[PDB]
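Here the structure comes first, spelled out in structure tokens, and everything after it is commentary.
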Amino acid sequence: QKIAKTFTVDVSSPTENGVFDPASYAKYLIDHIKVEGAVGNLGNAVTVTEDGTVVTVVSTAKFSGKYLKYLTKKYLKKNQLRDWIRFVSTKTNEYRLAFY
Amino acid sequence: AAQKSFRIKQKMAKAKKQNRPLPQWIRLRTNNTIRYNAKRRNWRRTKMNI
Amino acid sequence: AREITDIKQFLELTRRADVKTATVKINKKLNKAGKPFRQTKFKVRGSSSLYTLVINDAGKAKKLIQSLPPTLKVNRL
Amino acid sequence: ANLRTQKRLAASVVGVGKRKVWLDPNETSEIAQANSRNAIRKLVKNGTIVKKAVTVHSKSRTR
RNA sequence: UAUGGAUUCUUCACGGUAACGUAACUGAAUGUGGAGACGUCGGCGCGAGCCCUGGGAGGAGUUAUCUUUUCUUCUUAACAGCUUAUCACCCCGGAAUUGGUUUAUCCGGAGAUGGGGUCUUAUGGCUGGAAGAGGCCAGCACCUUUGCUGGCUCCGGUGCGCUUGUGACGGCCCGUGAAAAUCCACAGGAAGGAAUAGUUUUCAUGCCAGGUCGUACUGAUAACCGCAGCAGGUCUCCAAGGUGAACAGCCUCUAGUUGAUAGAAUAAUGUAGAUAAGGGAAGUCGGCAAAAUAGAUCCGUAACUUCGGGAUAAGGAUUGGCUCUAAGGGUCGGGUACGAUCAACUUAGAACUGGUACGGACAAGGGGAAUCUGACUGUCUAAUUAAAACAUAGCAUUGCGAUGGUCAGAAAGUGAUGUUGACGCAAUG
RNA sequence: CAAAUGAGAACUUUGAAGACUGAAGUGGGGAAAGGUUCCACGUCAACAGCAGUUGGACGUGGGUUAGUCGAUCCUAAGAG
RNA sequence: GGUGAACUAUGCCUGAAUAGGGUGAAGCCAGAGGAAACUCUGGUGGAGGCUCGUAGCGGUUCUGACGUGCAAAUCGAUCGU
């Protein structure tokens with residue numbers, strides 16, 4: 001009911017490469033993740049926390065790794081980072097952005 | 001047919017062995033007129049019809 | 001192909017004199033979502049059949065593996 | 001070269017059709033040397049031979 | 001072929017009221033029973049697979065803009081154990097105010113309803129097989145034999161869905177829809193055995209062996225037959241999505257092909273498709289060929305008739321999109337009359353809307369009034385005649401009671417009808 | 001369309017396109033029949049009614065593994 | 001004096017195959033009218049050498065194509081079932 005699913009994304013490789021802004025990516029995440037069908041209605045349901053190099057999305061409402069990969073793909077397509085970075089899950093809910 | 005009999009397979013084997021051209025050396029025998037195998041068979045040309 | 005339920009039937013099956021191989025399989029499963037327990041399957045290979053004794057307790061499995069005579073060829077996998 | 005055998009073998013080895021088997025046009029020599037199922041497996045693992053993606057048949061309009 | 005288990009001072013077992021249950025639990029001749037062993041159609045039920053579909057765990061696509069989005073993996077075999085069944089059967093009890101009950105109307109004092117049980121294991125579930133496999137991912141060491149290392153492989157829902165299997169039924173027949181090998185069982189009670197031992201290899205475990213022949217591939221616009229790598233012919237299984245009534249036509253997925261001598265040009269005449277102002281069969285032997293009609297819903301439907309039909313008669317209208325409305329269901333209870341969750345597609349209305357268009361492609365009856373003729377369905381001149389010809393049911397006639405009628409055979413201690421018997425067989429119209 | 005192969009490419013191979021069969025298929029198997037056409041290597045004289053470096057062609061080989069699939073067993077119409 | 005039923009004709013034995021619709025037979029359930037006899041209505045049901053129409057089987061017309069053909073009988077449309 002209040003089970004908190006945590007999805008972590010490792011942005012260390014693009015951060016070190018210098019072509020990624022984790023803060024902007026996270027901001028895009030909060031302002032584009034839609035709850036119940038509409039964006040911004042995350043009434044303290046999902047949160048995004050940034051440590052500078054690893055962005056963690058915790059959720060109590062409906063949210064999925066497929067959703068997160070879709071959002072990340074949309075952001076990298078908006079920023080033209082596709083064909084350069086891949087979104088890959090090392091472990092369950094342990095995704096990362098791989099460069100090489 | 002895949003489900004053959006032993007007689008049919010024996011005929012198969014005999015025709016398979018007979019279907020070969022003249023050895024290169026018999027053509028060089030003395031007083032020899034045989035130039036080529038005149039009893040050659042292709043599965044398309046002539047049916048064994050057994 | 002035959003599943004063994006009792007330890008006593010397992011231990012009278014061990015001493016049947018037609019057993020040559022005993023394979024032990026270690027399994028991870030789910031008792032509760034937060035408590036994934038370990039299961040042990042002792043697969044004794046007789047002539048006609050393969051008997052499989054199942055244990056969901058690590059301690060009982062340890063005691064069984066100890067009480068098993070070392071003469072039998074045990075493949076742990 | 002003539003990689004008909006290799007294409008048939010790749011389809012059989014990797015479980016899709018010859019229409020989905022993709023052979024690298026720049027490794028023609030390597031594929032030509034590959035004349036066993038084991039060598040075709042080496043190639044598919046090396047990425048010289050790649051399973052084409054399934055042609056999309058979306059059900060979105062139907063839904 | 002031995003060990004365990006079973007069975008003995010009541011020698012060849014106990015239990016259950018019973019249906020019957022169990023790990024076993026002697027059983028000869030002889031006899032009997034069952035399985036093998038059976039058509040087709042219809043609807044209904046259940047299951048498998050497939051289709052569809054929600055969440056989640058991965059990979060791929062699109063991303064000017066939108067889409068928690070589009071596509072894809074998330075599998076469980078034979079076999080062993082437990083369990084699970086409609087139908088049947090048993091026990092108690094004794095029923096009209098008849099009740100139970102099917103989609104379909106049959107069942108009950110020859111014992112219904114109700115309550116409690118027994119059984120078949122089709123079928124499903126769990127466990128073993130078995131995750132160690134398969135699949136989906138990620139990574140590592142690289143003229144390296146090539147492997148190894150981490151994760152995941154989860155949980156649901158629905159249906160007049162499609163196909164297959166199964167079950168309980170119902171319809172049909174002057175048609176009632178194989179045999180045998182094999183296997184089991186029962187009846188009977190021959191033989192033999194018990195107190196230091198025996199009985200079974202229909203209980204469990206254990207040991208040995210399983211010969212011979214076929215097996216590749218095509219199975220057809222190129223592996224077969226047609227003189228051929230021939231537009232011909234030749235038996236069968238599996239069968240995704242959309243539209244739609246639809247294994248129609250039309251477009252896609254998996255899979256498979258992209259093979260038919262080509263290049264240039266676009267004359268006449270062709271072959272195959274089309275369109276035509278006004279007229280509308282004046283053409284012609286003849287409306288030949290073509291056109292017109294066409295799906296669904298609603299309305300209306302004549303003569304005649306063997307009352308079943310004719311009939312989709314004839315003849316009219318509507319049909320899109322969008323936003324709504326309404327009706328039609330399954331799952332829980334008050335101290336032993338109020339509500340909540342969800343699939344799902346049918347039907348009927350209301351606005352609004354548009355170059356009045358809407359079965360928008362595909363698909364898809366022209367109709368009527370008569371005459372001749374054959375009742376009909378059916379059959380034939382493969383390769384010029386499909387008909388009014390043949391057949392047919394119906395009707396009628398004929399022979400024959402078996403040492404017989406009709407018909408075979410050169411004969412026969414030979415045959416068909418005939419595994420037959422006048423409600424039959426045979427011969428005719 | 002391009003590349004590779006080759007003396008030579010409309011026809012071979014690979015990649016990219018565009019298509020079609022459209023699950024009572026041009027797919028996956030089989031029965032009869034065929035008989036090695038299966039597969040690899042080499043090769044183009046003849047054959048594939050154009051071509052051919054390709055092939056069901058030519059040359060050389062390799063390949064069909066069963067107690068459980070089928071025959072074998074049974075009987076049917078019938079044969080004898 | 002021999003050889004043919006691998007085509008085809010006809011029995012027999014053993015197997016297999018055949019969308020979706022229209023009509024709506026018997027049987028059964030309820031209701032209405034009537035003094036009665038009975039008559040009528042609505043459902044249900046799923047019959048038929050029934051019907052529209054695929055696969056299949058056949059071959060009407062074009063007297064179409066072809067007619068030194070794809071073919072010593074085929075091709076296309078239209079048709080019968």
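What's counted below: heavy atoms across the whole structure, side chains too, no hydrogens, waters or symmetry copies. Proteins come first, then strands; the chains are lettered A, B, ... in the order of their sequence lines, and each starts at number 1.
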message: Roughly how many Å apart are E/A383 and E/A220, using the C1' atom of each and rounding to a whole number?
response: 26 Å

- prompt: Does B/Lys4 reach the main-chain N or O of B/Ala1 with its side chain, forming a donor-acceptor pair under 3.5 Å?
  reply: yes

message: We want to know whether A/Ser64 and A/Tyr70 form a side-chain donor-acceptor pair, criterion being a heavy-atom distance below 3.5 angstrom.
response: no

- request: Give a yes/no on whether any side-chain N or O of D/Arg8 is located under 4.0 angstrom from OP1 or OP2 of F/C38.
  value: no

message: Considering every strand and a 4.0 Å limit on heavy-atom distances, what is the contact class for D/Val16: base, sugar-phosphate, or nothing?
response: sugar-phosphate

task: Walking along RNA chain E from 5' to 3', note the first and the last nucleotide with an atom under 4.0 Å from a heavy atom of chain A, and give both.
output: E/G55 to E/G150

Sugar-phosphate only, base, or nothing, as touched by A/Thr90 at under 4.0 Å among non-hydrogen atoms: nothing

query: Checking all strands, does C/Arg16 fall into the base, sugar-phosphate, or nothing category for heavy-atom contacts under 4.0 angstrom?
result: sugar-phosphate

query: Which value, in whole Å, describes the distance between the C1' atoms of nucleotides E/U254 and F/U26?
result: 15 Å

- prompt: For B/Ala2, major or minor groove by side-chain contact below 5.0 Å?
  reply: major

query: Touch check for D/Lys59, heavy atoms < 4.0 angstrom, all strands: base, sugar-phosphate only, or nothing?
result: sugar-phosphate

task: With heavy atoms under 4.0 Å as the rule, sort D/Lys20 into base, sugar-phosphate or nothing.
output: sugar-phosphate

message: Using OP1 and OP2 only, check whether a side-chain N or O of B/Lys4 sits under 4.0 Å from F/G35.
response: no

query: Counting just side-chain N and O atoms, does D/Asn2 come under 4.0 Å of either OP1 or OP2 of F/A4?
result: no

query: Can you tell me the Watson-Crick or wobble partner of E/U182, both distances under 3.5 angstrom?
result: E/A35

query: Which part of the nucleic acid, if any, lies within contact of A/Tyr75, taking any heavy atom under 4.0 Å across all strands shown: a base, the sugar-phosphate backbone alone, or nothing?
result: nothing

- prompt: Considering only F/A33, F/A31, F/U36, which nucleotide approaches the side chain of B/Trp43 most closely?
  reply: F/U36

message: Categorize D/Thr28 for me: base, sugar-phosphate, or nothing, with a 4.0 angstrom heavy-atom threshold over every strand shown.
response: nothing

query: With sugar-phosphate meaning primed atoms plus P, OP1 and OP2, does A/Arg82 contact a base, only sugar-phosphate, or nothing at under 4.0 Å between heavy atoms?
result: base

